[PDB]
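Take a look at this one chain, the form deposited in one PDB entry, written out in structure tokens.
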């Protein structure tokens, strides 16, 4: 049973919730107030320390519950007070810081081999084509952003219904050979694809924020260490 604790206890340490909006408000005001009258060149350190101390002070609750599940409690409190006395930034911290289907190729070059069906996956973020349906080859990748839909130039006979994907806002050609014409058996599939591409985001035919996020990245990294330590001392302090 006393080893149910020491495995329930980590659960009590992860019941803590943080209001990120209030957190970013406090970080911003901390940076501005620390510089005082100056505009500052580098991110202040006291902004990091002030936030971390506020979060560490909450660990007292689960630790006292674990004990209940005089001298023992006094030791636990002391082991938490000493966590607020010094910020050891050398302890392994960050030092120095939608639609799928088979589609054929209409414009065939030497690199295409022939007019064959390829497995195509469309997501909100990117586009991918594969020789098979295992989605492992990753032969061709194309981004949804900076992409535009195009129609086949007048004169093409609709033996197969085709839509074209052409990247227009990138210097990366993304292997857009002959405008990357993809054919379907019926027009309904082509229109469904075009709608899917546009829904994905395809074109239809202060520096203070970086500092705030950098502080947040550091605070989370440090508290990962602090939680690891308290998870280790509590099973030992109570035994001793």
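Shifts are known only where both forms have a C-alpha. Positions refer to the first chain, counted from 1. Rigid core: the largest C-alpha set superposing within 1.5 Å between the two forms.
If you look for the form deposited in another entry, you will not find it shown, but the lines that follow are about it.
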Rigid core superposition between this form and the one not shown: residue from 213, 189, 61, 49 with Cα shift of 2 Å or more: 189
Post core alignment: residue 134 C-alpha displaced by 2 Å or more between this form and the one not shown: yes
Exceeds or equals 2 Å, Cα of residue 158 between this form and the one not shown, core fit: yes
Threshold 2 Å Cα movement between this form and the one not shown at residue 149, rigid core reference: yes
Segments of at least three residues whose Cα atoms shift by 2 Å or more between this form and the one not shown, after superposing on the rigid core: 98-205
